[PDB]
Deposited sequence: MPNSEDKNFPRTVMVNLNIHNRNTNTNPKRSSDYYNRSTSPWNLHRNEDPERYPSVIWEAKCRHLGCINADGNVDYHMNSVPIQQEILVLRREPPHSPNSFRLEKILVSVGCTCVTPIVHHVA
């Protein structure tokens, strides 16, 4: 079906199975989260990661410029109000959200 009903009273499911950890701070590719708010969307607030460094942190605690911190982006669906400002009708939309960062070897190639 094109149109369906959704009950917005969320039930949690296994959110206390493999659940504070401070990975964003302990990572060799650390990041910070920034708040994105849009009143025309559910969820209205989405937190986005931004990597703190271009490089990665090494064993000595210094930045290793030979490796790159990169954000891990995830395709996410959101509900957008349709028509605009509607309290109770939406369309699904697809966006990319950065969830955190990892450290990768760069892709290397001579200029052509």
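Residues of the deposited sequence missing from the coordinate set occupy positions 1-9, 29-30.
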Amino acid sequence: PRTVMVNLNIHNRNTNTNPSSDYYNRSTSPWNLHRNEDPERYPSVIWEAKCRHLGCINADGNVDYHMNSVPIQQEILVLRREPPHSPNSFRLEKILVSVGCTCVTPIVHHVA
From here on, numbers count along this sequence of modelled residues.
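Throughout, rigid core stands for the largest set of C-alpha atoms superposing within 1.5 Å between the two forms.
After superposition on the rigid core, the larger root-mean-square Cα deviation in 6 other deposited structures of this protein belongs to 22-30, not to the other of 51-59 and 22-30. Checked against the other entries of this protein, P87 counts as unresolved in at least one third of those spanning it. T102 is built in all of the other entries compared, counting only those with both neighbours built, so it is not a gap in a third. Stretches compared: 58-66, 76-84. Higher mean C-alpha B-factor in the entry: 58-66. If you average the C-alpha B-factors over 67-75 and over 22-30, the higher value belongs to 22-30. The residue among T15, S89, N9, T102 whose C-alpha carries the highest B-factor in the deposited model is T15.
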